[PDB]
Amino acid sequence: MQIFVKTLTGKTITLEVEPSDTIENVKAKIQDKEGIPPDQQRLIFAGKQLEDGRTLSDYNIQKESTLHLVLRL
């Protein structure tokens, strides 16, 4: 399935993911595509920060869902 990741400024990338993918895997994919290290990635969905150990399915993240990427420094 395809999900969207949007920066705080509204710029959007698209990812090919699986419901079983962990947030760690999604951050690794984002690092592969855009070069942003996972320790500097914070992902928000439904108002909450997502934890690396859970999967997209654990947060009810479905196809066409949008995650929000925040730079952590």
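Don't overthink the numbering: it's just position in the shown sequence, from 1. Under this definition, the rigid core comprises the largest set of C-alpha atoms superposing within 1.5 Å between the forms.
*Asks:* Root mean square C-alpha distance from this form after a core fit in 4 other deposited structures of this protein: higher for 7-15 or for 52-60?
*Replies:* Comparing 52-60 with 7-15, the one that moves more in 4 other deposited structures of this protein is 7-15.
*Asks:* Consider only the C-alpha atoms of the modelled residues in this chain, order them by B-factor as the entry records it, and name the third containing residue 33: lowest, middle or highest.
*Replies:* It falls in the top third of the chain.
*Asks:* Check where residue 16 lands among this chain's C-alpha B-factors and tell me if it's the lowest, middle or highest third.
*Replies:* Highest third, going by the recorded CA B-factors of the chain.
*Asks:* For residue 49, return the chain-relative third of its C-alpha B-factor as stated in the PDB record: lowest, middle or highest.
*Replies:* Its C-alpha B-factor, which the entry lists for residue 49, ranks in the middle third among residues of this chain.
*Asks:* Among the chain's modelled residues, which third holds the C-alpha B-factor of residue 22?
*Replies:* Within its chain, residue 22 is a lowest-third residue by C-alpha B-factor, going by the deposited values.
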